[PDB]
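Data first, discussion second: the structure below is written as structure tokens.
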Amino acid sequence: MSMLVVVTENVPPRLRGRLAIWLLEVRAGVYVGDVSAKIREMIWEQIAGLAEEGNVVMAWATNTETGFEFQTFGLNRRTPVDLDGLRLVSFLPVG
Amino acid sequence: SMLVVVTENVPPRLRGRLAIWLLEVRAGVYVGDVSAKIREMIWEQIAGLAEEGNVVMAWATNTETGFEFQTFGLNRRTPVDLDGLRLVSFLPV
Amino acid sequence: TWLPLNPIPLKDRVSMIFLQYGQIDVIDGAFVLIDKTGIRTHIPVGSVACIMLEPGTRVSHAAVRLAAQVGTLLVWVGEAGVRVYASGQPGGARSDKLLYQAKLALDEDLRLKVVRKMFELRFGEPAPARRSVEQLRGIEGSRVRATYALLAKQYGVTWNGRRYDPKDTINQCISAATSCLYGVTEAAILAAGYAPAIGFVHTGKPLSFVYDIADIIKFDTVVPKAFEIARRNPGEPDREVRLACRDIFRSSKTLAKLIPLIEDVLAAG
Amino acid sequence: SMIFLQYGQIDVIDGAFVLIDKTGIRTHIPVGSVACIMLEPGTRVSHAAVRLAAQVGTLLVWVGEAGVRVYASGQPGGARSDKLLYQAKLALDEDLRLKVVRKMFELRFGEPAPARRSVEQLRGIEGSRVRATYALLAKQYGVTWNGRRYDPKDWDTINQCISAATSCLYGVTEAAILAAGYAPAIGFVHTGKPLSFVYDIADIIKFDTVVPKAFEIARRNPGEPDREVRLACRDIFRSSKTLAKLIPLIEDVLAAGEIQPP
Amino acid sequence: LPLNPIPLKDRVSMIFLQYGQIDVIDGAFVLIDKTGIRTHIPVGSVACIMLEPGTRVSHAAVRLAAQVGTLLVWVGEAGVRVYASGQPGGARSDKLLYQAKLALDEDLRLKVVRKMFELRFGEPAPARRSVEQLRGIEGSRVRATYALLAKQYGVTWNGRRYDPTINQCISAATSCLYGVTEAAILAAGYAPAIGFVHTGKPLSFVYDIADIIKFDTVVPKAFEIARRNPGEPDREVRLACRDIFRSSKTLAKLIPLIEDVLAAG
Amino acid sequence: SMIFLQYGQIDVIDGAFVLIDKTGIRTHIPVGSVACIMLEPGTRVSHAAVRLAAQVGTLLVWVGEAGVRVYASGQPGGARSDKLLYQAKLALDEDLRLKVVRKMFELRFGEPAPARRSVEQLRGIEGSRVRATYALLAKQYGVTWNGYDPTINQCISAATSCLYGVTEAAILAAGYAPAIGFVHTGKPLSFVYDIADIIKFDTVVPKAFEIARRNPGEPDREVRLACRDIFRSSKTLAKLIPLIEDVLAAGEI
DNA sequence: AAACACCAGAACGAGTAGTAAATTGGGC
DNA sequence: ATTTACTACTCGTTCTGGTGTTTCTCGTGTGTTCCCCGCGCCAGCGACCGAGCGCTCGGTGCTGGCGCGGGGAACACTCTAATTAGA
């Protein structure tokens with residue numbers, strides 16, 4: 001079991017509640033939990049199946065040098081860029 | 001140990017200091033993996049640079065829930081102690 | 001946008017949650033506890049094995065449906081958290097395991113084998129030979145009293161006798177502690193698809209088997225720890241006891257060791 | 001007997017179960033002559049009421065409209081040791097199992113089962129009769145039938161209505177087995193699944209009322225067949241009081257073992 | 001508010017920045033591209049920042065980088081090191097005086113050299129041998145490792161060429177090891193110019209430490225990349241390097257090892 | 001020698017250094033006659049510039065305004081091995097260390113140190129002399145002196161910090177180690193504290209006592225600007241390198 | 001009576017040109 | 001030339017208060033075999049003290065990580081009636 005953090009924006013309330021079923025809603029769209037790999041994958045299934053037009057980002061603790069791994073669904077002004085395997089995030093301007 | 005810090009209405013100073021060490025995935029959402037003392041340093045930066053905003057910090061532990069969180073400031077979502085099990089409760093208007 | 005909501009394993013779940021003096025509603029698919037003041041407390045019903053409801057709660061239909069689908073046992077408790085009522089998934093029982101448990105319960109010889117297995121797994125020593133269920137229950141009562149006197153002397157608690165009817169604090173703590181152990185224990189059995197009423201040493205009661213399983217380990221960790229709280233005599237014992245039990249349920253990883261143990265007991269068949 | 005409560009809040013004001021409506025209609029309920037309480041959607045139960053029902057031993061179960069579906073019931077896994085051990089003792093013995101199977105055949109088709117027939121043989125006969133009944137209803141309602149082809153992934157209209165109706169009947173059947181005090185997982189024709197006995201009883205009263213109605217709805221071919229099938233099943237289970245009659249049927253089927261069920 | 005650095009063992013290896021200007025926004029290391037996209041970079045959690053050609057650092061950026069103990073390295077083609085800037089006064093006096101004491105005495109310097117030979121080849125150096133003889137034997141064993149690895153991974157080998165694909169990979173790989181290596185020394189508070197086997201060069205000591213472990217994991221892995229001969233080798237090398245620097249926990253084992261060598265005499 | 005660059009961009013146009021100003025004033029700089037380029041706040045360096053400055057072995061040192069503070073420096077930890085081993089050889093031996101301490105005493109007070117005195121005794125004498133200078137300046141400028149918890153002591157701390165700045169700039173420009181001190185030991189800036197303590201009360205401290213006498217609203221800014229003006233006009237940084245070379249030269253090479 | 005889908009209005013915070021002011025967060 | 005403190009102002013999201021509208025996310029012939037997460041057992045880290053003339057210098061057991069093992073989809077099978085549909 002590892003740590004899981006889910007951040008949502010413009011998601012229908014179905015997904016927000018579904019995430020409230022297993023995670024604690026610390027902030028508006030910021031949910032925290034600690035689940036196994038299977039439960040993580042399930043949460044991700046619900047995220048990709050229930051989210052529409054919204055953007056969600058999921059980040060879990062692993063044993064990489066960074067110490068965590070993340071993946072995203074949807075489009076946002078902050079997009080991840082691969083710098084020689086190291087995943088960072090760039091902020092794009094308007095247009 | 002994984003560390004996540006979420007901030008609202010903080011001066012850009014604390015946002016940049018958090019950008020010194022953590023990756024800002026969303027507006028005010030910072031992700032990282034640090035040790036205990038480094039987490040203490042980040043919390044010191046938080047309590048030092050936050051003055052009107054509200055900040056919530058949650059890190060991985062070996063407790064039953066898996067993680068632990070603490071809050072600085074006043075927000076509509078306030079943590080409540082339920083027989084030691086700290087949850088969150090959304091205040092009304 | 002309708003995906004099957006499946007429950008999560010019992011060992012990978014939080015112990016227990018207590019709610020009081022507020023209505024339980026389903027908001028956008030989520031277990032919400034609203035207070036008289038209107039403050040909404042979102043509860044992670046999926047990642048908790050058992051939710052214990054204190055007097056003052058008003059549960060809704062969709063709330064019990066939701067708690068049922070995620071495999072979360074709802075336990076209405078009363079004074080000192082003693083279980084008054086319970087609700088859960090009615091079809092969440094395994095035919096093979098029910099028929100196995102009942103097959104071991106019907107025959108008197110297999111029933112005696114299961115009782116002996118419970119005695120040996122409890123005290124670490126085999127039961128006396130050629131002894132009936134009532135005699136093993138009497139010896140069990142004597143050993144129980146000796147454990148109450150031994151814990152009373154170890155932790156220094158003024159002891160005068162075991163009192164179930166609340167009509168001191170120590171007993172209350174025990175009743176709380178053991179109560180919690182009963183609660184989670186029942187959930188395990190439900191998660192294991194057995195029946196809680198089909199007992200071997202205890203009979204007739206709707207949770208007899210539960211009382212058996214808990215009685216294997218109650219004095220191993222739960223009862224002495226309860227004594228600890230009594231040693232301090234706090235102002236809000238219950239809550240603290242609750243917390244302590246939670247921590248014990250973490251430190252011993254009880255939720256993970258119950259199902260094998262139960263199986264081990266039935267392995268005496 | 002049994003009572004249904006809907007669209008109101010359950011409480012205890014002067015020592016009796018009260019059900020409050022949106023219009024202010026109190027429905028007191030004596031603790032007696034109620035073996036089980038049926039909670040329909042829209043019901044908020046207080047703690048005092050659950051405590052009072054718990055003291056008297058009244059079984060509570062959360063169900064849908066007219067018990068179309070069952071969600072949660074008090075005392076999970078069974079509250080009676082005698083009835084559980086009774087049904088189990090009947091299912092473990094092959095002879096008693098054959099007796100209960102024969103009784104199910106006779107109550108199903110209205111004629112005794114052929115002599116010197118094993119369980120599997122009666123399953124085959126039952127199957128051929130089931131196919132013949134599907135074809136017969138197809139001729140009576142004039143529906144083009146090609147077979148029960150169900151895909152638990154995509155989710156044909158006739159198999160859709162049939163599926164929904166069988167689900168409702170599984171609902172009322174499980175509700176009846178719970179109200180009687182037996183285990184829905186311990187079956188005789190069906191085994192292994194967690195609702196085998198539910199599938200047995202449902203198979204007994206399947207083609208009597210619900211499936212012909214399903215063929216009527218498929219004949220009308222509505223836009224939302226699921227809703228019309230569930231609501232029609234609600235009407236049949238209500239005006240026909242099928243759930244009330246199911247308990248004597250179940251206790252009789254299990255009574256076919258002759259071990260004196262208590 | 002103060003801002004103290006963190007242990008290097010708990011940092012990320014290296015980041016490569018190309019075609020952008022490096023600024024500081026609200027107190028944060030930022031990399032702005034030509035298109036306007038802003039890339040935040042955690043300067044404190046990085047042990048070494050590689051600055052590829054096309055980068056224009058700002059003053060505040062080197063201030064921040066130097067305050068968090070993050071070495072900046074201006075690199076050139078294939079990752080070769082060109083220049084570097086780091087914390088100027090972040091060195092320990094006792095450690096510097098210890099290393100310099102070991103370096104001034106010729107006998108102690110010979111002891112440290114023999115310690116490097118023993119820790120490098122796993123066998124004690126021959127007795128009564130000067131620094132030059134151990135240097136020739138070291139070069140011979142180096143070529144032997146080049147031929148042996150070239151045979152193990154099936155790479156066409158013609159010689160070690162330093163003036164401008166396999167060699168390139170080597171130059172990149174070792175280059176990376178140099179970078180973090182230097183940073184490690186800075187995190188320990190020693191001087192990179194005070195070398196024992198190599199002398200005169202401003203990073204001599206660095207090279208020495210690198211020459212202890214370069215053929216253990218860095219060179220062979222580089223050969224593997226050559227075995228594939230990819231279109232973009234550098235990136236694949238860089239990435240791969242980071243992985244090694246994770247799998248071996250190099251940053252955790254560099255400080256003791258260095259100290260271990262200084263334990264000689 | 002050295003040069004200060006401020007408020008502009010550093011590029012390489014056709015083989016030489018160039019500094020572009022905000023108004024458009026090209027400041028070409030030839031690759032020679034500069035051993036250490038000092039960058040003040042307001043400077044952006046291109047990659048080719050660091051490549052050219054690295055090829056010819058030009059030290060790059062990012063420092064504050066007029067070198068008031070030292071922030072970073074190229075070739076970390078020292079660029080010359082000979083000078084580092086020289087300062088270290090002078091500081092390791094107690095006799096050479098005593099000689100360098102006596103040279104610092106002589107250049108500090110203007111008189112040779114008393115004979116047969118250890119480093120500790122010279123440190124006590126130097127401390128008492130520091131007290132006499134504190135009381136003397138406090139009487140000259142009329143400042144209430146009593147002897148800090150982590151406005152007069154504020155100005156003193158600020159001035160001493162700036163001087164630690166220019167001194168560290170000189171030690172890095174010369175090529176030596178700031179942590180290898182003679183009077184102070186163990187600290188990472190011990191040598192900075194020595195060389196700075198040689199010329200501390202020479203000029204900088206009386207200005208801090210003057211600002212403390214005026215008692216301004218923002219003392220830190222006025223003290224820092226005053227120190228930048230003293231380091232600029234008096235060319236203290238240019239005069240520091242020969243002083244350090246003499247102090248370390250007293251060890252007979 | 002409980003709960004969700006859908007839509008318009010209020011409250012609130014992030015992002016962004018503009019202005020102005022600084023070249024700064026000690027000391028040993 | 002760079003960066004930040006402070007200020008309107010735009011833009012977007014969340015939240016809430018109104019309507020309706022529904023009581024809904026289900027189909028089950030019963031039982032044997034290869035594949036992989038999960039616990040499980042054994043190795044590594046997280047203030048009094050000298051030199052001068054009170055002052056001044058200040059120095060010296062869990063834990064994650066490789067391994068046996070025990071729990072799921074093809075298919076492998078009665079049995080009957082007009083060789084395949086049904087249980």
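Residues are referred to by chain and number: the chain letter is A, B, ... according to the order shown in the structure tokens, the number counts from 1 in that chain, and ligands are numbered separately from 1 in the order shown.
All residues of protein, DNA or RNA that reach within 10 Å of residue 252 (chain F), judged by only C-alpha atoms (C1' of nucleotides) and not counting those fewer than 4 positions away in the chain, are residues 90, 96, 99 and 248 of chain F.
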Would you give me, as an mmCIF file with C-alpha atoms, in the first residue's frame, the residues of chain B that come within 7 Å of chain E, using only C-alpha atoms?
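Done, and the output landed in part34.cif:
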```cif
data_model
loop_
_atom_site.group_PDB
_atom_site.id
_atom_site.type_symbol
_atom_site.label_atom_id
_atom_site.label_comp_id
_atom_site.auth_asym_id
_atom_site.auth_seq_id
_atom_site.Cartn_x
_atom_site.Cartn_y
_atom_site.Cartn_z
ATOM 1 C CA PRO B 12 3.504 34.567 -3.971
ATOM 2 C CA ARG B 13 6.558 34.353 -1.692
ATOM 3 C CA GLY B 16 7.944 30.387 -4.883
ATOM 4 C CA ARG B 17 9.609 28.921 -1.794
ATOM 5 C CA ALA B 19 8.628 25.910 -5.962
ATOM 6 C CA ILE B 20 12.210 25.712 -4.652
ATOM 7 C CA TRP B 21 11.675 22.124 -3.472
ATOM 8 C CA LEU B 22 8.355 20.735 -4.753
ATOM 9 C CA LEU B 23 6.709 20.345 -8.146
#
```
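Interatomic distance, CA of residue 196 (chain D) against CA of residue 98 (chain D): 15.6 Å.
Between chain A and the candidates H:63, H:25, H:14, H:19, the tightest atom-to-atom separation, counting only C-alpha atoms (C1' of nucleotides), involves H:14.
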Review point. Where does DSSP see helix (DSSP H, G or I) in region 110-242 of chain F, if you list the residues as a PyMOL selection string?
Key: chain F and resi 119-141+152-174+190-198+200-214+219-233+236-242
Write out as an mmCIF file with N, CA and C atoms, in the first residue's frame which residues come within 12 Å of residue 202 (chain F) when counting only C-alpha atoms (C1' of nucleotides), dropping same-chain ones fewer than 3 positions away.
```cif
data_model
loop_
_atom_site.group_PDB
_atom_site.id
_atom_site.type_symbol
_atom_site.label_atom_id
_atom_site.label_comp_id
_atom_site.auth_asym_id
_atom_site.auth_seq_id
_atom_site.Cartn_x
_atom_site.Cartn_y
_atom_site.Cartn_z
ATOM 1 N N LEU F 107 50.455 44.389 10.811
ATOM 2 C CA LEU F 107 49.712 45.182 9.838
ATOM 3 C C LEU F 107 48.421 45.743 10.417
ATOM 4 N N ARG F 108 47.911 45.146 11.496
ATOM 5 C CA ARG F 108 46.678 45.619 12.116
ATOM 6 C C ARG F 108 46.930 46.830 13.002
ATOM 7 N N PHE F 109 47.871 46.715 13.941
ATOM 8 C CA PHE F 109 48.115 47.772 14.912
ATOM 9 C C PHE F 109 49.284 48.677 14.545
ATOM 10 N N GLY F 110 50.103 48.295 13.570
ATOM 11 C CA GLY F 110 51.240 49.102 13.177
ATOM 12 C C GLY F 110 52.504 48.866 13.969
ATOM 13 N N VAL F 130 40.577 45.461 20.787
ATOM 14 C CA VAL F 130 39.290 45.671 20.132
ATOM 15 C C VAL F 130 38.330 46.390 21.070
ATOM 16 N N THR F 133 39.242 49.978 21.139
ATOM 17 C CA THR F 133 38.797 50.670 19.933
ATOM 18 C C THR F 133 37.297 50.933 19.973
ATOM 19 N N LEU F 137 35.975 54.750 19.779
ATOM 20 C CA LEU F 137 35.037 55.234 18.772
ATOM 21 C C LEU F 137 33.726 55.679 19.409
ATOM 22 N N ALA F 159 27.974 46.609 9.051
ATOM 23 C CA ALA F 159 29.271 46.997 8.504
ATOM 24 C C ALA F 159 30.228 45.811 8.465
ATOM 25 N N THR F 160 30.327 45.073 9.576
ATOM 26 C CA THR F 160 31.198 43.904 9.608
ATOM 27 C C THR F 160 30.768 42.858 8.589
ATOM 28 N N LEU F 163 32.019 44.123 5.161
ATOM 29 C CA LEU F 163 33.464 43.933 5.101
ATOM 30 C C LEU F 163 33.821 42.463 4.946
ATOM 31 N N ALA F 196 39.516 40.441 7.426
ATOM 32 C CA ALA F 196 38.570 41.518 7.695
ATOM 33 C C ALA F 196 38.851 42.180 9.039
ATOM 34 N N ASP F 197 39.233 41.392 10.048
ATOM 35 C CA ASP F 197 39.604 41.969 11.335
ATOM 36 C C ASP F 197 40.906 42.757 11.274
ATOM 37 N N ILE F 198 41.668 42.644 10.184
ATOM 38 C CA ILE F 198 42.889 43.435 10.055
ATOM 39 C C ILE F 198 42.564 44.894 9.743
ATOM 40 N N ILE F 199 41.547 45.136 8.918
ATOM 41 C CA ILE F 199 41.214 46.483 8.471
ATOM 42 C C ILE F 199 39.791 46.875 8.866
ATOM 43 N N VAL F 205 34.016 50.912 10.344
ATOM 44 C CA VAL F 205 33.286 51.023 11.613
ATOM 45 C C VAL F 205 32.955 52.465 11.972
ATOM 46 N N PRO F 206 33.869 53.441 11.860
ATOM 47 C CA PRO F 206 33.487 54.823 12.197
ATOM 48 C C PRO F 206 32.288 55.335 11.416
ATOM 49 N N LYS F 207 32.116 54.904 10.165
ATOM 50 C CA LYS F 207 30.939 55.314 9.405
ATOM 51 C C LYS F 207 29.668 54.724 10.007
ATOM 52 N N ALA F 208 29.734 53.474 10.470
ATOM 53 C CA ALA F 208 28.588 52.867 11.137
ATOM 54 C C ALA F 208 28.273 53.576 12.448
ATOM 55 N N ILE F 230 32.259 53.297 0.381
ATOM 56 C CA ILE F 230 33.631 53.198 0.865
ATOM 57 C C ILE F 230 34.414 52.175 0.050
ATOM 58 N N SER F 234 37.289 54.170 -2.187
ATOM 59 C CA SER F 234 38.604 53.842 -1.656
ATOM 60 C C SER F 234 39.266 52.679 -2.381
ATOM 61 N N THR F 236 38.906 49.533 -1.971
ATOM 62 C CA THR F 236 39.403 48.645 -0.925
ATOM 63 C C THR F 236 39.635 47.237 -1.453
#
```
Practice item. Please identify every residue of chain G that has at least one atom no more than 12 Å from any atom of chain A, counting only C-alpha atoms (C1' of nucleotides), and report them as a VMD selection string. Key: chain G and resid 4 to 6 15 to 16
Can you spit out the residues from that selection as a PDB file, in the first residue's frame, using N, CA, C and O atoms (P, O5', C5', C4', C3', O3' and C1' of nucleotides)?
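Full text of result.pdb as output:
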```pdb
ATOM      1  P    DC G   4     -27.229  11.898  -4.403  1.00  0.00           P
ATOM      2  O5'  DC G   4     -27.557  12.243  -5.927  1.00  0.00           O
ATOM      3  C5'  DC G   4     -27.877  11.193  -6.827  1.00  0.00           C
ATOM      4  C4'  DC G   4     -28.524  11.737  -8.085  1.00  0.00           C
ATOM      5  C3'  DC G   4     -27.662  12.726  -8.870  1.00  0.00           C
ATOM      6  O3'  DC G   4     -27.642  12.374 -10.247  1.00  0.00           O
ATOM      7  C1'  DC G   4     -29.802  13.631  -8.493  1.00  0.00           C
ATOM      8  P    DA G   5     -26.503  12.974 -11.207  1.00  0.00           P
ATOM      9  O5'  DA G   5     -27.315  13.838 -12.275  1.00  0.00           O
ATOM     10  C5'  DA G   5     -28.127  13.185 -13.239  1.00  0.00           C
ATOM     11  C4'  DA G   5     -28.952  14.190 -14.019  1.00  0.00           C
ATOM     12  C3'  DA G   5     -28.150  15.308 -14.673  1.00  0.00           C
ATOM     13  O3'  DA G   5     -28.644  15.547 -15.971  1.00  0.00           O
ATOM     14  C1'  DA G   5     -29.785  16.238 -13.236  1.00  0.00           C
ATOM     15  P    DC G   6     -27.702  16.240 -17.067  1.00  0.00           P
ATOM     16  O5'  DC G   6     -28.212  17.748 -17.094  1.00  0.00           O
ATOM     17  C5'  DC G   6     -29.569  18.019 -17.362  1.00  0.00           C
ATOM     18  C4'  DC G   6     -29.897  19.447 -16.999  1.00  0.00           C
ATOM     19  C3'  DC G   6     -28.796  20.457 -17.329  1.00  0.00           C
ATOM     20  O3'  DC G   6     -29.244  21.329 -18.345  1.00  0.00           O
ATOM     21  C1'  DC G   6     -29.761  20.840 -15.175  1.00  0.00           C
ATOM     22  P    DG G  15      -2.090  30.809 -10.808  1.00  0.00           P
ATOM     23  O5'  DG G  15      -2.203  31.903 -11.965  1.00  0.00           O
ATOM     24  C5'  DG G  15      -3.156  31.731 -12.999  1.00  0.00           C
ATOM     25  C4'  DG G  15      -3.160  32.924 -13.936  1.00  0.00           C
ATOM     26  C3'  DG G  15      -1.797  33.548 -14.203  1.00  0.00           C
ATOM     27  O3'  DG G  15      -1.691  33.842 -15.583  1.00  0.00           O
ATOM     28  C1'  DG G  15      -3.281  35.196 -13.376  1.00  0.00           C
ATOM     29  P    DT G  16      -0.325  34.419 -16.193  1.00  0.00           P
ATOM     30  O5'  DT G  16      -0.661  35.961 -16.430  1.00  0.00           O
ATOM     31  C5'  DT G  16      -1.996  36.337 -16.754  1.00  0.00           C
ATOM     32  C4'  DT G  16      -2.110  37.832 -16.972  1.00  0.00           C
ATOM     33  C3'  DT G  16      -0.790  38.557 -17.208  1.00  0.00           C
ATOM     34  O3'  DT G  16      -1.009  39.625 -18.109  1.00  0.00           O
ATOM     35  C1'  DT G  16      -1.849  39.502 -15.374  1.00  0.00           C
TER      36       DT G  16
END
```
Exercise for review: For residue 13 (chain G), list every protein, DNA or RNA residue within 9 Å, evaluated using only C-alpha atoms (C1' of nucleotides), and leave out those in the same chain fewer than 4 positions away; present the list as a ChimeraX atom specification.
Suggested key: /B:8-9 /H:13
Point to revise | Check: which chain G residues lie within 10 Å of chain C using only C-alpha atoms (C1' of nucleotides), as a PyMOL selection string | key: chain G and resi 1-4
Practice item. Do me a favour and pick out the residues of chain C within 9 Å of chain D, using only C-alpha atoms, as a VMD selection string. Key: chain C and resid 23 to 24 53 to 62 64 to 69 73 76 to 78 84 to 96 98 to 99 102 to 103 105 to 106 190 193 to 199 203 to 207
Exercise for review: Could you check which of A:17, A:74, A:54, A:80 is closest to chain H, using only C-alpha atoms (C1' of nucleotides)?
Suggested key: A:54
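The nearest approach to residue 65 (chain A) among the residues E:35, E:18, E:247, E:87, with only C-alpha atoms taken into account, belongs to E:247.
For chain H, the residues having at least one atom no farther than 12 Å from chain F, when counting only C-alpha atoms (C1' of nucleotides), are residues 1, 2, 3, 50, 51, 52, 53, 54, 55, 56, 57, 58, 59 and 60 of chain H.
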Check your understanding: Do you have the CA of residue 33 (chain E)-CA of residue 5 (chain B) distance handy?
Key -> 27.3 Å
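We find CA of residue 150 (chain C) and CA of residue 220 (chain C) to be spaced 12.8 Å apart.
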Point to revise | Near-residue 158 (chain D) list (12 Å; only C-alpha atoms (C1' of nucleotides); drop same-chain fewer than 3 positions) as a PyMOL selection string | key: (chain D and resi 134+137-138+141-150+155+161-165+211-222+225-226+229) or (chain H and resi 27)
Set the distance at 6 Å and use only C-alpha atoms (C1' of nucleotides): which residues neighbour region 65-75 of chain B once local chain neighbours fewer than 4 positions away are removed? I'd like the list as a PDB file with C-alpha atoms, in the first residue's frame.
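Dumped everything to around-v8.pdb:
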```pdb
ATOM      1  CA  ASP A  34      -3.493   5.690   1.400  1.00  0.00           C
TER       2      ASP A  34
ATOM      3  CA  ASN B  54      -4.923  28.887   4.637  1.00  0.00           C
ATOM      4  CA  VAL B  55      -2.529  25.966   4.146  1.00  0.00           C
ATOM      5  CA  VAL B  56      -2.962  22.212   4.631  1.00  0.00           C
ATOM      6  CA  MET B  57       0.033  19.861   4.713  1.00  0.00           C
ATOM      7  CA  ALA B  58      -0.290  16.070   4.526  1.00  0.00           C
ATOM      8  CA  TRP B  59       2.557  13.554   4.616  1.00  0.00           C
ATOM      9  CA  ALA B  60       2.982   9.786   4.591  1.00  0.00           C
ATOM     10  CA  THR B  61       3.396   7.971   7.904  1.00  0.00           C
TER      11      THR B  61
END
```
Using only C-alpha atoms (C1' of nucleotides), I'd like every residue of chain A that has an atom within 10 Å of chain H; please write them out as a tab-separated table (two decimals) with C-alpha atoms, in the first residue's frame.
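Saved file part-v9.tsv follows:
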```tsv
chain	number	residue	atom	x	y	z
A	9	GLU	CA	-11.17	20.45	-11.60
A	10	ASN	CA	-14.46	20.86	-13.53
A	28	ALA	CA	-12.17	21.61	-3.01
A	29	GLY	CA	-10.86	19.07	-5.53
A	37	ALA	CA	-1.94	-0.70	-5.95
A	38	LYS	CA	-5.24	-2.42	-6.80
A	63	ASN	CA	10.43	4.15	-4.73
```
